[PDB]
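For clarity, chains are labelled A, B, C, D, E, F and G in written order, and residue numbers in each chain start from 1.
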C-alpha cells in the first residue's frame, strides 16, 4: 500500500532535513574553536612575557629599598 | 515508521546541544578578545613601570 | 516511487553516518584544543597571581622609599545515535570548562587593569622624587 | 558628584601654567588630574544613559591624556569613547576609532590596531553604509592579521572582503580572494571541512566571464564520491555549469530548487544564484 | 616570432566559432598564419588564425569548444608564437573524424550526405591545422556537430598535428 | 621619523662607552637605546611593506639586546623578526626562530620553546623541504611537551614525526612511534576513538616484513563487533592481510576501492597502500 | 537634421524590446520621430524612436533582433539623421510577413486566429517604420514569434520601407 510506504518516506526526508542542518553547527563550531585558539595564543603569550618583564621590575624595586 | 520516528527526533535532540555549543563557544571569543585589549594595555604600562622603578633605583640606592 | 524514496532518504542517512562521524572527529579537536586552552590558562592565572603580589610589594616599597537493508540502515543510524555518546563527552566537560575559565578570565582582566592603575600612580609619585 | 561641575573643574585645571601659578615646574599631574575628572563625568553620563554626553566627555579626557605623555591608556579611552558613540545616538564613533588606531599603530601595536580596524569596517557598513571604504579596511586589517601569522582572523576578514565584494559587482576580485583564502586553508587539515564552501562561492562568482572560469575551477577541486561533505559544494556546481552553457533558465532554476532540499540556501547564495539566473534569461531575450 | 604575451578572449561572431580558428586582430597577425599557444611547460597546442575587425590588439579570441579542449581561460596570460609546418611530411592526406550531434537535444534520424560534408569541410577548413583528439564544431546546414579527430596521416606515417590542404581526403 | 636615520643613530650609539662618554657609569643604558631605535625603525619598515628591512632591523635590535643581558625581550624580538621574514621575500625566517629557541631553551622556557619548535619544523618542511631536520624538531619538541605533561601537543607532534617518517621509508620506526603514541592515548578516554587509526597506520606500515607483523598488530587491537568506530580500522586491515598472504593484488586493489567509500583514503594512506600494492605484484612476477 | 555621431547600446527594458523601436534619450530626440541609421555608404536602416529615462545622452540602444538585422554591435560608432515619412507613397496598406516561431522550446500550435493577430499587431506596431527583410519579435498571447517582412504595398506600388498606420491590413 502506497499510503503506508509514502508515509515512511515523508518521515525519513523530514528526518534527513533536521539532520544536515544540525551537522552544519558542528562544522561552524570547529571553525570557531579554531579562530579562538589562535587568538588565545597571542593572549597568553603577551601575558606570560608581561609577567617576565614585571618579574624583573619587582626584583629591582625590592633591591632598591635595601 | 517504527525505527523511523525512533531515529527521527534522536537527532532533533542533538540539534539542541549544538545550539548551546555554538553560543557558549562564541561568547568566550568576545570575552577573550576583551582580555587581549587589557592584558596588553597592562604590560604597555609595565614598560613605564620598569623604567620608572629604575629611576627610583638611581635616587635611593 | 517507493524504492526511490526508501533509498534516497537512506542514501542520505549513509551520507549522514559519516557526517556526524566527520563532525565527531572535528569535535574531538575541540576536545583536545579546549583542553590545551585550559592548560595554557592555568599558567596565565599563575602569572596573574604573580603580578598581583609583586605589585603589592612594589607599591609598599615605594612608600618605604618616599620617606538486511533496514538492518544495516539501522546500524548506520545507530552509529549516528551512538556518536551522541561522544557528542556528550564534549559539550559537557568543555561546556563547564567554559564557565570555570570565563569566571576566571574576568578576575584576570580586573587585576590586569588594577595593576596598570597602581603603576601610573607609583610612577607619578616617583617622578616628583627622581634624580 | 555632578558631571557639569566636574567638567568645569577639569577645564579650570587643564591649562599650561606660567607666572605665579607655575612657580618653577609645570605639572603633568594637572593635565592628568583633569583627565580623571572628565573620565569621572563620562562615567555618570553613561550611567544615566546620556551617551552623547559620555562620549564627548571621554574625548576630552582622552585628548588631555595625550597632552600628558600617556598614549596607551589614552587610546584605550578613545576606545571607550567609540564604544559610547557606537551605542549612542550621534556619530563620532568613526573619528574616535580612527584616533585610536593612529595610536595603536604608531605605538607598535598592530594586533590591537586590527582588532579595532575590523570593528571600524563593520561600522562603516552596518551603519554609515559605505562598503567602498569598509572593504578597504577589512583588507588592510586582514593584512595586519596575516603579519601576526594569525591565519584565522586574517581569513575572517578576507571572507568579509570577498563576501561584500561579490555584492558590489566585484565578482572576479571575489574569486581571487576565495582562491587565496582557499590555498592558505588546505595547509591546515583543520579547515578541510569548510574548504568546500570556498570553492562553491568562487565558482559561483562570475566576472561576466563568458567561459568555464568555474568549470575549470570545479574540476580543480578534489571531490570524492564517498566524501559526503563534498556533495554539498561542486556536485551542484557542475549541474549549474551545464545549465548556463545551454542558456536553459529552467534546468538551473530547477537544480537550485532541488539543491534547496539537501542543503539550505542562505541569503548570499540566493542573491548570486538569481544574478546568474538573470545572466541566463538575459542571454536568451537579449 | 620568438613569442609574445597575449590575453585570451571570446570568439567575436558565431560564424567564426564554427571554423575552429583562433580569431585575432589585423594589427597583429593575418588570416592563414599558424601559431602555438602555450599555457604550461606541459601544455602545447596549435591553432589557425583568422582576423576580424572586432579583435583588440594583444589578445587572441577562442570559441567555447577550443576552450573545452585546450583548457584556456579568458583573462589569463598565454604565450603565442608563429609556427610553420613542414609540408614535406606534415600535410594531411587521410584524416578520420568522429562526428556526432554536438547538442543531443536536436538529435534526429534524418540522412546526411557525407560527400556534401567532405566538400564543405575542405572548403572552410583548408590550409589549417588539426591535432589528434582535437575537439571542434562543424557547421553543416546550420546544424551543429561535434568533430573528434581520431587519426591523421600524411601523403604512410602517423602524426599528431597536420596541415589540411585542398587535396585532403576526409572520412 | 625616518627609519634610515634611526638605523644610523642607533649604530652611532651601540658601542661600549669609554673616556668622557662613559663618565662614571654606562653600558646597558646605552645599548638599550639603540635597541628601541632599531625596533622603532623595524616598525615603520613593516609599515612601508618593506618587511625584509623590518626583519633585518629587528635582527639588529635583537642582537644588540643580547649585548645588554636581557635574553627574554630579545628572543621575543627574534620571533618578531621571524614573523617579518616569513611574510616577506628574503630568508632567515628559519635563522631567527633558531636564534629564538636557543634562548627560550637555555632560559628554561621549554613550553614556549616547543611552541615555536613546532612552527620551525613546520616551516622547514612546507618551505625548505628539509624533512630530515623537520622530523628531528617535531620529535624533540614532542619530548618537551611530554615533559610539561602536555600529552596533547606531545602526541600532535609525534603524529607529525611518524607521519612523515613513513614517507622517508622509515616504516618500522613509524610503527614504533604509533605504538608509543598509542600506549599513551588509552589512558585518556578523550582519545579512544582516534586510537583506531593509529593501529591502522601501524598495521599498514611495513618495514619489508614478509611475516604477519601486521596480523599480530591487528590482533593486539581491541575490538568487539558492533563498534561504530572500529569499523574504520582493522576490519579492512584483515582483508588486506589476506589479500597479501595469497599474492592476490586484485582483491587488495578492490578492497581499497570499496573501503575508499565508507572512509575516504587521505594522501598518506594512498601512498602507503600503493607501496603495498607493489610488493604483491613484485612477489608474483618474481 | 545634419546628422550626429551616436553609440549603439543595449535595450533598456523588455517592453521596448517587443516594440521594435530604437530607444533614445529625452535630451536628444522625442517619442514619435523617425531616423535613419548609417553604418556605411550602402547600408541605410530606418527605425522608430522611443525615449526612456535610462538612455544615456549621445547613444541609441537596440534590441537583439534589430542588432542581428542592421548588423549593429554594442559599442560601435554610427551616424543618425532625422527622417520624415511621406504619407503619400510610404503608407502601408498591405504588408506580408513570414511568421514562424522564434523559439523551438515551447511547442503549442492551437488555431492562432490571424484576425486577432492583425488586431494586436497594429495596436502595438502602429505609426512605426518597417522595411523589407526586417527581423523582429511578435508577442501574441504570451508567445514569442519570429516575423519577417517579405513585401510591403502602399495604399499597387511596392515600397522598400513604409509606415504602418491604423488602417493598415496585415497578412
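Criterion: a residue touches a chain if its C-beta (ideal position, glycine included) is under 8 Å from a C-beta of that chain, and two chains touch if they have at least 3 such contacts.
The chain list, named the UniProt way, goes like this: D, F = Alpha-soluble NSF attachment protein.
**Q** Count the touching C-beta pairs: is C-F or B-C ahead?
**A** Here the pair linked by more C-beta pairs in contact is B-C.
**Q** What chain sits nearest the middle when you go by CA atom centres?
**A** Centre-most chain by C-alpha means: D.
**Q** Taking each chain's centre as the mean position of its Cα atoms, how many Å separate subunit D from subunit F?
**A** 33
**Q** Distance from the CA centroid of subunit C to that of subunit D, rounded to the nearest Å?
**A** Comparing mean C-alpha positions, subunit D is 24 Å from subunit C.
**Q** CA centre of subunit D versus CA centre of subunit E: separation in Å?
**A** 49
**Q** I'd like the Å distance between the centres of subunit B and subunit F, where a centre is the mean of that chain's Cα atoms.
**A** 27
**Q** Counting only residues that touch at least 2 other chains, which ones in subunit C make the list?
**A** 12-13, 16, 18-19, 26, 29, 36, 43, 58, 62, 65, 115-116, 120
**Q** Taking each residue of subunit D in turn, which ones touch at least two of the other chains?
**A** 73, 111, 148, 190, 193, 226, 262
**Q** Which residue numbers or ranges of subunit B touch two or more of the other chains?
**A** 7, 11, 14, 18, 21, 25, 28, 32-33, 35-36, 39-42, 45-46, 49, 53, 56, 60 - these are the residues of subunit B that touch more than one other chain.
**Q** Which pairs of chains touch one another in this structure?
**A** Pairs flagged as touching, ordered by label: A-B, A-C, A-D, A-F, B-C, B-D, C-D, C-F, D-E, D-F, D-G.
**Q** Inside the complex, what are the residues of subunit D that reach subunit G?
**A** The contact residues of subunit D facing subunit G are 285-286.
**Q** Taking the touch rule as given, give the residues of subunit C at its contact with subunit B in the complex, in rising order.
**A** That would be residues 13, 58, 62, 65, 70, 73-74, 77, 80-81, 84, 87, 90-91, 95, 98, 101-102, 105-106, 108-109, 112-113, 115-116, 119-120, 122-123, 126-127, 129-131 of subunit C.
**Q** Can you check the complex and tell me which residues of subunit D touch subunit A?
**A** It is residues 111, 148, 150-153, 156, 190-191, 193-194, 232, 261-264 of subunit D that touch subunit A.
**Q** For subunit B, which residues are in contact with subunit D within the complex?
**A** 33, 36-37, 40-41, 44-45
**Q** Quick one: which bits of subunit D touch subunit B in the complex? Just the residue numbers, please.
**A** These residues of subunit D touch subunit B: 72-73, 76, 79, 107, 109, 111-112, 115.
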